[PDB]
Every structure is written in structure tokens, then in C-alpha cells.
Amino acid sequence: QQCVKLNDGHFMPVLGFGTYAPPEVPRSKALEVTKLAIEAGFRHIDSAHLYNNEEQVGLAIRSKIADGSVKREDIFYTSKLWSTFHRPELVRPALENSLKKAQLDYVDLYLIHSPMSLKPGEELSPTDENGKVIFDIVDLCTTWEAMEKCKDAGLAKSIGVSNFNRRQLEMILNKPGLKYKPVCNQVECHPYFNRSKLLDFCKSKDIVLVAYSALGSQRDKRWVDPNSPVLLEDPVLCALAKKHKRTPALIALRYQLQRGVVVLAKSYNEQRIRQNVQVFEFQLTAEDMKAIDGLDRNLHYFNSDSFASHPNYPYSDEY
């Protein structure tokens, strides 16, 4: 593996394990594959309240610690604050609940899952009488103040954000009396949506860009148009796969590592989980990288059109 030093002083393994799996998959699977991931060499594990799996992921971690395979400090665990808990008073309590579910003392990284606040409540997707998801108006800077408090209280070693654009990031960065800068910004990032501009900006403020859907997403027919191009079927990626004798997924992952992006990779398949750790075994040439750079088509796999009306919709800006 390898690590990147956060503007926190803390370290984040550049390769992370994505734990989300559709509700159709047995929750016992999350437990089994997280163990497989750790056994394969994954040290960074990505979860969230929304995934309904923190109990299982924490179970796997606890199990591998008892195994003697790893120590708590060897694992980098991240969870995320769901959008229905943006009001400052619901932040610590939300974190405490995640910690309780995972049976952990602290989270290595806690993130604001998305800038699009939703009506407060236990329900993850609040909708009105007309079936429309209910938005909420919250000063994200106050949400951030509550996050900084969680870090001071030792519940989260590092704090960051997710799905934020440059303007939203700047809101935090320019907040009067700011104590902690977000350590990262976890966003959708892959060759068909490489986020070069955002990447350059984050790099300029020492903020780490963490890539999700780096392998082209899980293409859930619920939020992903089946007509969208299949990333792992890209001719250039496959050509580079056949050239380096690797796989399109490894090419996509290596692309991010070489451009300074921390990459997440979800897989509930034993062989693929183990294959993904091989991303550290090869290297792409400067020319290889330029070729992948030319693949961008501003394609966002998640169908976010329904929230396009949200005042905090991140895709309103060029980046």
C-alpha cells in the first residue's frame, strides 16, 4: 500500500475499500467481504450511516483485530454524517450512533456526506404529501463547527467533506474563526469525469480529493441510466489493460494514484478484492496518463436530476 499525509498531520492509505452494497445483498456479506478486504491488504475502509452496514463493517474490523491480523491504529475507518443531521445539534449524536453501531471508540475520518441538507429526522429520505424529498436550509459552516467539535472530543481523528464543489469548499475555508480545514473532499471521479479543475483547486489548499465510483459505479438501475457508457468497457482503458497486462479497473485505479487522488474501490468478489490491491504493482507512463485524461465527458453516473433544484446542488458550477 502507501499513505498520504493529511493537512491534519494524520495519514490516509491511498487505497480504500468501498463498502456500499444494494439493499438486495444480505448484510452478512458486508461482514464477510470487509474481512476479505483486510486480509487482502486494504487498510482504509469507507462506510457511512446511509449504507446500513456500519454494524457489519465494525464487526469485521473488530474480528480482524481479535484475529491478531491488525491493530485498531492500522485501520483507517471513515463514516459520514447523513444530510438529515446537518443541524449542528444533531452532529455529535449522529456520530455517536455510528460509533455505537460499529462498536468503535473513534472514527479515523468523519465526513459531511453531501451539502444538500434534508429535513431533520430519523428517516433518511423525507418526502411530503406529493412524494417529493423535503429539503432543509442549514448554514453548513455551523454544521462544520459541530464537526470540529467532534474532532476536539476525539470521536473523529480527521474531518472532511463529500460532494462539495469549489464554492462550497471556499465557504468553509473562508469561515471566520475556522479551526480545522477539511482534510479531503470525496467526490465522484473517474476517466469519464476526472474533476481536474476541482483536483487542482483542492491541491492548492492541501485538501485531498478522494475518488468514488472510480471503477464506473455499480450501475444501480435505480439511479444509473443503463444507457450511460460502461467505464470498464472503454476502448482506451481496455487497450491500456492489454498493454500493461492488467485490467481496466486497475488502469482506472492507477490513473488516480498517479495524479494524486486517493481511490476507493468497491468489490464484494473475493478474487476482484485481491486483484484491486495489485494497483501498487505497476505504473502508467506519462503518455498513458494523457490518453486517459482525454476520456473526460462530464458523465456523472448518479442520476442527480431530481435534486437539481436543491439550493446546494453541487453541479450548478463549472466545478
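In case it trips you up, residue 1 is the first one in the sequence shown, and so on. For clarity, a rigid core is taken as the largest C-alpha set superposing within 1.5 Å between two forms.
RMS Cα deviation from the shown model in 8 other deposited structures of this protein, rigid core fit, is larger for 221-229 than for the other stretch of the pair 221-229 / 155-163. Looking at mean Cα B-factors across 197-205 and 119-127, the upper value is held by 119-127. Looking at mean Cα B-factors across 137-145 and 169-177, the upper value is held by 169-177. Of the candidates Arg92, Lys157, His113, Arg246, the one whose C-alpha carries the top B factor in the deposited record is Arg246.
Taking the deposited Cα B-factors for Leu104, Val210, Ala239, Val161, the highest one is held by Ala239. Ranked by C-alpha B-factor against the other modelled residues of its chain, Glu287 falls in the highest third. In this PDB entry, the Cα temperature factor of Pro226 sits in the top third of its chain's modelled residues, the highest group.
Ranked within its chain, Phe17 lands in the lowest third, by CA B factor from the PDB record. In the PDB entry, a CA B factor belonging to the highest third of its chain's modelled residues is recorded for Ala66. The entry lists a Cα temperature factor for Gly41 that places it in the lowest third of the chain's modelled residues.
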